[PDB]
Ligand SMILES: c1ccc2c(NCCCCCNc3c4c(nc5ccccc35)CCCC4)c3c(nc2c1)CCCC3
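Just the one chain here, laid out as structure tokens, in the form solved without the named molecule.
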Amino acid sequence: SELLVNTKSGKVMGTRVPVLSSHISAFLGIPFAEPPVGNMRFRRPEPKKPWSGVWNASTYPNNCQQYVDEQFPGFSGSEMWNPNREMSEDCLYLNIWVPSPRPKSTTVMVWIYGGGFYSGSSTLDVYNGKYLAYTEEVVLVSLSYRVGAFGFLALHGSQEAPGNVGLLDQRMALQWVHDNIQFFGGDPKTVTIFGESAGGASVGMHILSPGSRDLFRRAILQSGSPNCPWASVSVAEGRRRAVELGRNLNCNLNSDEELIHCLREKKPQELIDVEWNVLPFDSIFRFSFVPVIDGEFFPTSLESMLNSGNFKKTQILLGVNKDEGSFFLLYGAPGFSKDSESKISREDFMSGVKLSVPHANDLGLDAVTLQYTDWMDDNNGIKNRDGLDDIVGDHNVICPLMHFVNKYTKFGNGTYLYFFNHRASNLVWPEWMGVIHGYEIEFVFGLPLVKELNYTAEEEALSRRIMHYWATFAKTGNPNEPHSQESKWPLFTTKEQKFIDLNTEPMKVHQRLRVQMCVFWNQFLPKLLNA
């Protein structure tokens, strides 16, 4: 009865939400898994037992236990990413926005949030699917997955904490969407999983995981890809970090059973408190509990998989932001402050490049510095600052994504590559951080469309193009409307390597995104480090 949806798990009662002019149906906090609490912490998600009665899908679910950024308390720029609902280990819930009237079988977009696998909520203001569902008439799903140690602790042997359990959370949401989105008017045969940062890395990992390929049609990857250096550890390093996490909580680490038991008794916040102490390196843009290359979720190494074509072959739309690195530099690298044009000294640059590339020897750090220093001007604080952003952005998202694009396009049924380089007019972060990691999201979710948000008209325009690019790609596997007034977004071929700018200036097409630098990061530096 519009808001009464009767699903294979039970009846779900949603709520009308106002969006722009109209209203839309919203179903919020649908459980898709049994609460991963108690003896079930670190365990694989268990499918949600069906409920008697109607489920009140009208309020946002608990967010999952996660690190809370208090680096800039009150600063909307950082709080916009913080959990906005009560945190709870009970948090495996998804959110669905459906048009009014209910479509019959229309496209589904399943948003998977980023947050470096230690943070993230489906429920943040910038992930509100109102605007996207309304504007583009897509059923929009937000999912939830366990982040941090709760989702990615990996004692590879044990059944009680294998890794990737937070990815399995995602996969179960995807199963539920596959099984039940039809009752919300969604077409399970065309669900598109999009995500940003670790969310896009996750999307890439379901393209890769055999166990996930059947559960979605298409994929959008924003500023992340499965092969990103921060997105996976070996099972050995996962074990190492799991044990070190237990060492921090004074766990008896005689056996996996002993460790897991200890970690299961700790309050969620104590895991969170010591979580960053288990990194093996003084480092930027590294997270403690990330997916493990474990043999089950990933059959082998991601590189083999990308090489063999061992991945779901579909269409992907993906891309990066211009200044991917600045966010992590501000937070982690000396000399970058929020309130200064963060001109970076030479001493702080070398501190920064050493933090950015923690796995690199003195030779590798020299290679990086050679690549990224303006040697005509090696003490220019701006060039050092921007160069650090470039190092961090190229090493950590742009070049791994371009590696992934190249390897994937060899076997996929279509690749669209954007380069988002628009600084929002109302961006609350300093100018020096540029087009920041994560700040294409508000444009994907249509926030320039709400006038109270103080976007320019030109930005609202861009948001409508992006949403239209995104939903058209989701519907059709091509972001372009067939024969439209807009100019066409070229396919990315391994031949021409074309890609588009996304900003308010009209579309420009380019070749070979950061190729000079990505040849360094993808081809040369690894060869150098192995030698």
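In this text, the rigid core denotes the largest set of C-alpha atoms whose superposition between the two forms falls within 1.5 Å. Note that residue numbering begins at 1 and tracks the sequence as displayed.
Asks: After superposing on the rigid core, which of 225 to 233 and 371 to 379 has its C-alpha atoms sitting farther from this form in 9 other deposited structures of this protein?
Replies: Farther from the shown form on average in 9 other deposited structures of this protein: 371 to 379.
Asks: Quick one: core-superposed, which stretch strays further from the shown model in 9 other deposited structures of this protein, 246 to 254 or 196 to 204? Go by RMS C-alpha distance.
Replies: Evaluated in 9 other deposited structures of this protein, the stretch farther from the shown form is 246 to 254.
Asks: Over the set of other compared entries for this protein, does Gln485 lack coordinates in at least a third of them?
Replies: Yes, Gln485 lacks coordinates in at least a third of the other compared entries that model both of its neighbours.
Asks: Averaging C-alpha B-factors over each stretch, which comes out higher, 410 to 418 or 246 to 254?
Replies: The deposited B-factors put 246 to 254 ahead on the C-alpha mean.
Asks: Comparing 476 to 484 with 34 to 42, where is the mean C-alpha B-factor higher?
Replies: Stretch with the higher mean C-alpha B-factor: 476 to 484.
Asks: Between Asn379, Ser283, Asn82, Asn180, which one tops the list for C-alpha B-factor in the PDB entry?
Replies: Reading the PDB entry, the winner on C-alpha B-factor is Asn379.
Asks: Take the CA temperature factors straight from the PDB entry and tell me which of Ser121, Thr314, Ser100, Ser78 peaks.
Replies: Going by the entry's C-alpha B-factors, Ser100 comes out highest.
Asks: Please place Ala219 in the lowest, middle or highest third of its chain according to the CA B-factor in the PDB entry.
Replies: CA B-factor rank for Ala219: lowest third.
Asks: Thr456's Cα B-factor: lowest, middle or highest third of the chain?
Replies: Answer is middle: the recorded C-alpha B-factor places it there.
Asks: Can you tell me which third, lowest, middle or highest, the CA B-factor of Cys64 falls into for its chain?
Replies: Lowest third, going by the recorded CA B-factors of the chain.
Asks: Ranked by Cα temperature factor within the chain, is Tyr372 in the lowest third, the middle third or the highest third?
Replies: Within its chain, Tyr372 is a middle-third residue by C-alpha B-factor, going by the deposited values.
Asks: Sort the modelled residues of this chain by their C-alpha B factor and say whether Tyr134 lands in the lowest, middle or highest third.
Replies: Highest third of the chain for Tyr134's C-alpha B-factor.
Below, we refer to the form deposited with the named molecule bound, which is not included among the displayed structures.
Asks: I need the one stretch from 325 to 333, 300 to 308, 456 to 464, 361 to 369 whose residues put non-hydrogen atoms within 4.5 angstroms of the named molecule in the deposited bound form.
Replies: Heavy-atom contact with the partner occurs in 325 to 333.
Asks: Taking 4.5 Å between heavy atoms as the contact cutoff, choose which of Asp501, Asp69, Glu481, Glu34 touches the named molecule in the deposited bound form.
Replies: Contact check passes for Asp69.
Asks: Quick check on this chain: which one of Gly381, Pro103, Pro210, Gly77 has a heavy atom within 4.5 Å of the named molecule in the deposited bound form?
Replies: Going through each option in turn, the one that passes is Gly77.
Asks: For the three residues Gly129, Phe194 and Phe445, verify that every one has a non-hydrogen atom within 4.5 Å of the named molecule in the deposited bound form; reply yes or no.
Replies: Verified in the deposited bound form; spot residues all out of contact, no.
Asks: Using a 4.5 Å heavy atom cut-off, state whether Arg146 contacts the named molecule in the deposited bound form.
Replies: Heavy-atom contact with the named molecule at 4.5 Å: absent for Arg146.
Asks: Whether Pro268 contacts the named molecule in the deposited bound form should be assessed with a 4.5 Å heavy atom distance threshold; does it?
Replies: Because no heavy atom of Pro268 falls inside 4.5 Å of the named molecule in the deposited bound form, the answer is no.
Asks: Considering non-hydrogen atoms and a 4.5 Å limit, does the named molecule approach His206 in the deposited bound form?
Replies: The answer is no: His206 has no heavy atom within 4.5 Å of the named molecule.
Asks: Heavy atoms within 4.5 Å of the named molecule in the deposited bound form: does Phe285 have any?
Replies: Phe285 belongs to the contact set for the named molecule.
Asks: Taking the named molecule as it sits in the deposited bound form, which residues of 408 to 444 have a non-hydrogen atom within 4.5 Å of it? Please list them.
Replies: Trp429, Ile436, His437, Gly438, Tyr439, in sequence order.
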